[PDB]
Amino acid sequence: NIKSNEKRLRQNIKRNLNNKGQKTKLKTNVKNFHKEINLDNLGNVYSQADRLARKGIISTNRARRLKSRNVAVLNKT
Amino acid sequence: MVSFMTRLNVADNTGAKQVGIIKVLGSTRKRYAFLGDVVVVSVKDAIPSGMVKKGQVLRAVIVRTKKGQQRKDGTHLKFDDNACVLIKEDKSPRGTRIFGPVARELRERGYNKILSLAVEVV
Amino acid sequence: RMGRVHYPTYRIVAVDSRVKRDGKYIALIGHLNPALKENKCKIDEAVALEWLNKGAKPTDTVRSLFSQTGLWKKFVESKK
Amino acid sequence: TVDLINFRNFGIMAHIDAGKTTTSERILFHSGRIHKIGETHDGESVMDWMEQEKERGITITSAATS
Amino acid sequence: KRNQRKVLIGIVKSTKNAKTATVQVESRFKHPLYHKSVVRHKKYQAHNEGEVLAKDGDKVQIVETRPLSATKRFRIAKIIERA
RNA sequence: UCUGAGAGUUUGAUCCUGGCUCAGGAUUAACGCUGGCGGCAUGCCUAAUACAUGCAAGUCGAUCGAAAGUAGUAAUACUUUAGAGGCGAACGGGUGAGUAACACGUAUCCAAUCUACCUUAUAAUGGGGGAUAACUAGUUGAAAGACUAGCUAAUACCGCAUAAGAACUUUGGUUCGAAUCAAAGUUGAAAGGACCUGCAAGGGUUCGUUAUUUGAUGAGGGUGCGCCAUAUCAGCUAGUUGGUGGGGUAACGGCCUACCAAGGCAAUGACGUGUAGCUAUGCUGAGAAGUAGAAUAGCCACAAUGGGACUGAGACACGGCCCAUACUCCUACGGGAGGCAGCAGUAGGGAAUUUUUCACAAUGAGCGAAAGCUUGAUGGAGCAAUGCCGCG
């Protein structure tokens, strides 16, 4: 068979568990954003998106687009 | 409790879909068939991928029935379908994947190749 | 080695990191007859400067014939 | 490998129904405990398998049992 | 930001949907077999960019850009006057 | 410089048109007849039929634990990696079945793109935290192994603080549906090796860390163009056509959803059937052109069959996963294991194609500072007159 593949197979499983944990953390944060809008939560979610685009977990372009949409909809004031 | 001249289904990969009993093996005028009783059957209709034709006389044991019978345990087991496992004058089939539920009150009468190939034994 | 069998030949080909041999290339440096070693070959002397301008580090084995040519003498100004 | 003093090549000859199947099969059962034969520790308590004389003799076609 | 633009001249065929028009073009080009220039025909759907009005019965120029939607990648550029 | 040879055939004889046949080459050609050799290239066009064994991908002990071992009283010098973590494993191979098209090839806009490792140069490398592989004990077992508890290392991972520059936003200057410019509302990065020097504390060499810009490389989208046959395939299609809102998306787009509106294409051959990997090219002809799509190359696409997903720059992945289908194999009958259209090779079919072969010597790719390692990539030899070529 192959040995390093199995090492790679189990290597990213824990990585994926952690990454999906933080992804659903971002998910519940943006859900709290969806419930009602404030400056503080928007800043927190932007701070988290900075880390997530910083890592390879989340594409930088997607984070930039989502933050642009969020600022666009909050600037209705 | 299998009626004479009655159709039934199959519970393994054989290309058979609807087969009908013709005669039951055993003593003269038994008139009823219990679990494990191999019978002579005839295919009513099936898809052409099977290794046998339709209508031609063939040989298969029965696996499922809603009636069942009281096994020695003291608690009765039932089903809702009548199915068969197709064999070749032995205790083994041609089929490679057995499907559906299979009982346990057949090991004493043989057919031990079925239980190992069964996905789950009931 | 290509060409006539039992007669080695090695064109100096262009590859950044991941171009398999005998395929697309950005520029042909020249030719080489690796049977009699004297660095007798025609080169542009500017295509290597083309690599030196934007990276894509050259293959580590063709380095000796360029040492005979002396590409460092025109390359040392890469970081000044 | 090692000295030949321990390595020993033997043989079994018997008339048919003088114990071809019995002697050969049961001796393999007694001795064949290693992956070269390994028959005993995979068939101790299994159902006894007395293959057809022709079939058993064609399936067990071999020249080395070490 | 000097962009290169592809401009095609055509005759408008119809206007069926709001701010969406079908324009027909016919091109006479050498047939590569019998040395006679054959006329090929193309139809193209476009939309109103927001500063000109492409109306039926006039010749227009159409220019390329990003796909706005399905089957449309082109904005109405300029209508050149009638006869 | 390039520019086309005839002959025969219906007839008592004799002429028009007209088919057929030969004189010319060319082949991945069998098989006769066979046959000395040198190079020279080639050697499933045929069942995308299923398949044993060895090879087809590893690498880092100068990132670490950790146990173990040669020499060591001891400290350990050294070994070696089952293991974590780092990189790569998607690149490299062969097949061409389904694909009739934006597949291909060309020109293209990417005012819709992204690309880790390189490129010029910039910004920093503060510390903190706790699991866990491995090891140990046990249940369960020949193995498979799972489930608990204890033991930790690390460039693994999760906060704190800190931001040059970046994103995000507002004002002020710009271009033939956009871009640049000063100011600021918001926000975030990490690590230690290896060595030298220095009593030290520091400092330096260099890998790497985290950030930035030039680039290029790579991938993807649209566009015009050209790129089979068929009328004994006449109408065909309804997220279909259009926009809006919202969503998804490296990214534009009915890509997707909600709301409605009603088309869209077509006799200038759509739609459907046979059929095809495409192209460059091979052969033939004086050419125009016609045949084929051998080796070789580029693009696309597949990978026992059909779907669904994660990984990382990058895959829906020959030998990464899950399920189903179909098949094979092992078994302790408890339960599992497996994917040659990788190399050889087998079985069958087939008139018709080889070695169950060798070196990683050079070069290519991956890892590494290096010793170098891995490589059926690569190169050799084996068989064959299969073809061009020399030569008894």
# chains A, B, ... in the order shown; residues from 1 in each chain; ligands from 1
call {"tool": "residues_around", "arguments": {"residues": "region 101-104 of chain F", "least_positions_apart": "3", "cutoff": "9 Å", "atoms": "only C-alpha atoms (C1' of nucleotides)", "output": "NGL selection string"}}
result
:F and (227 or 277-279 or 299-301)
call {"tool": "write_last_selection", "arguments": {"atoms": "C-alpha atoms (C1' of nucleotides)", "output": "PDB file, in the first residue's frame"}}
result
ATOM      1  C1'   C F 227     -12.541  23.080 -36.950  1.00  0.00           C
ATOM      2  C1'   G F 277     -10.215  12.424 -28.378  1.00  0.00           C
ATOM      3  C1'   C F 278      -8.581  17.399 -30.932  1.00  0.00           C
ATOM      4  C1'   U F 279      -4.469  19.776 -33.160  1.00  0.00           C
ATOM      5  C1'   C F 299      -4.340  20.934 -25.285  1.00  0.00           C
ATOM      6  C1'   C F 300      -8.563  18.367 -23.278  1.00  0.00           C
ATOM      7  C1'   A F 301     -10.530  14.155 -20.959  1.00  0.00           C
TER       8        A F 301
END
call {"tool": "interface_residues", "arguments": {"of": "chain A", "to": "chain F", "cutoff": "7 Å", "atoms": "only C-alpha atoms (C1' of nucleotides)", "output": "JSON, numbers by chain"}}
result
{"A": [5, 9, 12, 43, 46, 47, 50, 51, 64, 67, 68]}
call {"tool": "write_last_selection", "arguments": {"atoms": "N, CA and C atoms", "output": "PDB file, in the first residue's frame"}}
result
ATOM      1  N   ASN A   5       0.984   8.275   3.147  1.00  0.00           N
ATOM      2  CA  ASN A   5      -0.394   8.667   2.873  1.00  0.00           C
ATOM      3  C   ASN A   5      -1.269   8.478   4.106  1.00  0.00           C
ATOM      4  N   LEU A   9      -3.135  10.956   5.940  1.00  0.00           N
ATOM      5  CA  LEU A   9      -4.569  10.756   6.120  1.00  0.00           C
ATOM      6  C   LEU A   9      -5.006  11.133   7.530  1.00  0.00           C
ATOM      7  N   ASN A  12      -4.290  15.410   8.674  1.00  0.00           N
ATOM      8  CA  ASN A  12      -5.192  16.527   8.429  1.00  0.00           C
ATOM      9  C   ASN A  12      -6.563  16.336   9.062  1.00  0.00           C
ATOM     10  N   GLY A  43     -16.769  44.606  14.461  1.00  0.00           N
ATOM     11  CA  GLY A  43     -15.331  44.649  14.667  1.00  0.00           C
ATOM     12  C   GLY A  43     -14.747  43.312  15.078  1.00  0.00           C
ATOM     13  N   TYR A  46     -14.683  41.053  12.054  1.00  0.00           N
ATOM     14  CA  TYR A  46     -13.596  41.467  11.171  1.00  0.00           C
ATOM     15  C   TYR A  46     -12.242  41.024  11.713  1.00  0.00           C
ATOM     16  N   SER A  47     -12.048  41.140  13.028  1.00  0.00           N
ATOM     17  CA  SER A  47     -10.803  40.678  13.629  1.00  0.00           C
ATOM     18  C   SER A  47     -10.611  39.183  13.422  1.00  0.00           C
ATOM     19  N   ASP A  50      -9.727  38.445   9.856  1.00  0.00           N
ATOM     20  CA  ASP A  50      -8.321  38.743   9.599  1.00  0.00           C
ATOM     21  C   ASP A  50      -7.452  37.511   9.835  1.00  0.00           C
ATOM     22  N   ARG A  51      -7.658  36.822  10.963  1.00  0.00           N
ATOM     23  CA  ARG A  51      -6.923  35.582  11.205  1.00  0.00           C
ATOM     24  C   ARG A  51      -7.274  34.523  10.169  1.00  0.00           C
ATOM     25  N   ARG A  64     -12.578  39.521   2.139  1.00  0.00           N
ATOM     26  CA  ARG A  64     -12.685  40.915   1.718  1.00  0.00           C
ATOM     27  C   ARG A  64     -14.080  41.213   1.187  1.00  0.00           C
ATOM     28  N   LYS A  67     -16.656  41.239   4.163  1.00  0.00           N
ATOM     29  CA  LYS A  67     -16.523  42.428   4.996  1.00  0.00           C
ATOM     30  C   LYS A  67     -16.984  43.674   4.247  1.00  0.00           C
ATOM     31  N   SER A  68     -16.765  43.717   2.928  1.00  0.00           N
ATOM     32  CA  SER A  68     -17.276  44.826   2.129  1.00  0.00           C
ATOM     33  C   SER A  68     -18.799  44.859   2.144  1.00  0.00           C
TER      34      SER A  68
END
call {"tool": "closest_residue", "arguments": {"among": "B:39, B:86, B:11, B:49", "to": "chain F", "atoms": "only C-alpha atoms (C1' of nucleotides)"}}
result
B:49
call {"tool": "select_by_dssp", "arguments": {"residues": "chain C", "states": "alpha helix (DSSP H)", "output": "list in words"}}
result
residues 47, 48, 49, 50, 51, 52, 53, 54, 63, 64, 65, 66, 67, 68 and 69 of chain C
call {"tool": "write_last_selection", "arguments": {"atoms": "N, CA, C and O atoms", "output": "PDB file, in the first residue's frame"}}
result
ATOM      1  N   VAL C  47      19.465  35.763 -22.545  1.00  0.00           N
ATOM      2  CA  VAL C  47      18.351  34.968 -22.044  1.00  0.00           C
ATOM      3  C   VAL C  47      18.619  34.533 -20.604  1.00  0.00           C
ATOM      4  O   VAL C  47      17.712  34.490 -19.760  1.00  0.00           O
ATOM      5  N   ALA C  48      19.878  34.208 -20.300  1.00  0.00           N
ATOM      6  CA  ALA C  48      20.247  33.930 -18.917  1.00  0.00           C
ATOM      7  C   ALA C  48      20.064  35.166 -18.052  1.00  0.00           C
ATOM      8  O   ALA C  48      19.612  35.063 -16.907  1.00  0.00           O
ATOM      9  N   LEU C  49      20.401  36.341 -18.589  1.00  0.00           N
ATOM     10  CA  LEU C  49      20.061  37.584 -17.912  1.00  0.00           C
ATOM     11  C   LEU C  49      18.554  37.731 -17.760  1.00  0.00           C
ATOM     12  O   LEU C  49      18.085  38.321 -16.780  1.00  0.00           O
ATOM     13  N   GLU C  50      17.780  37.201 -18.713  1.00  0.00           N
ATOM     14  CA  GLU C  50      16.334  37.178 -18.545  1.00  0.00           C
ATOM     15  C   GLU C  50      15.934  36.357 -17.329  1.00  0.00           C
ATOM     16  O   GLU C  50      15.050  36.767 -16.570  1.00  0.00           O
ATOM     17  N   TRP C  51      16.568  35.205 -17.104  1.00  0.00           N
ATOM     18  CA  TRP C  51      16.213  34.467 -15.893  1.00  0.00           C
ATOM     19  C   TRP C  51      16.650  35.246 -14.666  1.00  0.00           C
ATOM     20  O   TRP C  51      15.923  35.339 -13.672  1.00  0.00           O
ATOM     21  N   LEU C  52      17.845  35.831 -14.735  1.00  0.00           N
ATOM     22  CA  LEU C  52      18.403  36.540 -13.589  1.00  0.00           C
ATOM     23  C   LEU C  52      17.556  37.755 -13.228  1.00  0.00           C
ATOM     24  O   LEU C  52      17.611  38.251 -12.097  1.00  0.00           O
ATOM     25  N   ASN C  53      16.775  38.260 -14.186  1.00  0.00           N
ATOM     26  CA  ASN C  53      15.935  39.419 -13.913  1.00  0.00           C
ATOM     27  C   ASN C  53      14.731  39.081 -13.042  1.00  0.00           C
ATOM     28  O   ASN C  53      14.388  39.871 -12.157  1.00  0.00           O
ATOM     29  N   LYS C  54      14.085  37.927 -13.259  1.00  0.00           N
ATOM     30  CA  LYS C  54      12.832  37.643 -12.568  1.00  0.00           C
ATOM     31  C   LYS C  54      12.825  36.292 -11.854  1.00  0.00           C
ATOM     32  O   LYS C  54      11.746  35.744 -11.603  1.00  0.00           O
ATOM     33  N   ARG C  63      25.257  24.582 -14.514  1.00  0.00           N
ATOM     34  CA  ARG C  63      25.921  25.716 -13.889  1.00  0.00           C
ATOM     35  C   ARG C  63      27.394  25.811 -14.282  1.00  0.00           C
ATOM     36  O   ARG C  63      27.944  26.918 -14.335  1.00  0.00           O
ATOM     37  N   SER C  64      28.036  24.676 -14.575  1.00  0.00           N
ATOM     38  CA  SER C  64      29.480  24.657 -14.803  1.00  0.00           C
ATOM     39  C   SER C  64      29.845  25.322 -16.128  1.00  0.00           C
ATOM     40  O   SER C  64      30.844  26.046 -16.224  1.00  0.00           O
ATOM     41  N   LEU C  65      29.054  25.073 -17.171  1.00  0.00           N
ATOM     42  CA  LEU C  65      29.339  25.704 -18.453  1.00  0.00           C
ATOM     43  C   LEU C  65      29.134  27.210 -18.385  1.00  0.00           C
ATOM     44  O   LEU C  65      29.822  27.965 -19.079  1.00  0.00           O
ATOM     45  N   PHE C  66      28.206  27.665 -17.542  1.00  0.00           N
ATOM     46  CA  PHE C  66      28.042  29.100 -17.339  1.00  0.00           C
ATOM     47  C   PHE C  66      29.177  29.665 -16.494  1.00  0.00           C
ATOM     48  O   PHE C  66      29.539  30.839 -16.631  1.00  0.00           O
ATOM     49  N   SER C  67      29.749  28.847 -15.604  1.00  0.00           N
ATOM     50  CA  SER C  67      30.956  29.273 -14.902  1.00  0.00           C
ATOM     51  C   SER C  67      32.108  29.460 -15.879  1.00  0.00           C
ATOM     52  O   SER C  67      32.884  30.415 -15.765  1.00  0.00           O
ATOM     53  N   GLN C  68      32.234  28.549 -16.845  1.00  0.00           N
ATOM     54  CA  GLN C  68      33.193  28.749 -17.927  1.00  0.00           C
ATOM     55  C   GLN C  68      32.874  30.029 -18.691  1.00  0.00           C
ATOM     56  O   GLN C  68      33.772  30.809 -19.031  1.00  0.00           O
ATOM     57  N   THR C  69      31.589  30.258 -18.971  1.00  0.00           N
ATOM     58  CA  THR C  69      31.162  31.530 -19.538  1.00  0.00           C
ATOM     59  C   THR C  69      31.365  32.685 -18.568  1.00  0.00           C
ATOM     60  O   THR C  69      31.778  33.771 -18.989  1.00  0.00           O
TER      61      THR C  69
END
call {"tool": "interface_residues", "arguments": {"of": "chain E", "to": "chain F", "cutoff": "12 Å", "atoms": "only C-alpha atoms (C1' of nucleotides)", "output": "ChimeraX atom specification"}}
result
/E:1-8,15-22,26-27,29-35,38-51,63-75,77
call {"tool": "closest_atom_pairs", "arguments": {"of": "chain D", "to": "chain F", "cutoff": "12 Å", "atoms": "only C-alpha atoms (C1' of nucleotides)", "output": "tab-separated table"}}
result
residue	atom	partner	partner_atom	distance
D:33	CA	F:142	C1'	11.5
D:34	CA	F:142	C1'	11.5
D:35	CA	F:142	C1'	11.6
D:38	CA	F:142	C1'	11.2
D:39	CA	F:332	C1'	11.9
D:40	CA	F:332	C1'	11.2
D:41	CA	F:142	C1'	8.0
D:42	CA	F:332	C1'	6.4
D:43	CA	F:332	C1'	8.1
D:44	CA	F:332	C1'	9.2
D:45	CA	F:332	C1'	8.8
D:46	CA	F:332	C1'	8.5
D:47	CA	F:333	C1'	11.0
call {"tool": "write_last_selection", "arguments": {"atoms": "C-alpha atoms", "output": "CSV table (one decimal), in the first residue's frame"}}
result
chain,number,residue,atom,x,y,z
D,33,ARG,CA,2.3,-24.7,12.6
D,34,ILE,CA,4.3,-22.1,10.7
D,35,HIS,CA,3.3,-19.8,7.8
D,38,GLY,CA,0.3,-23.0,9.0
D,39,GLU,CA,-2.7,-25.4,8.5
D,40,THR,CA,-3.2,-26.4,12.1
D,41,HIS,CA,-3.5,-22.9,13.7
D,42,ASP,CA,-6.1,-22.0,11.1
D,43,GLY,CA,-7.9,-25.3,11.1
D,44,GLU,CA,-7.8,-26.8,14.6
D,45,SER,CA,-11.5,-26.6,15.5
D,46,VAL,CA,-13.0,-26.0,12.1
D,47,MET,CA,-15.3,-28.6,10.4
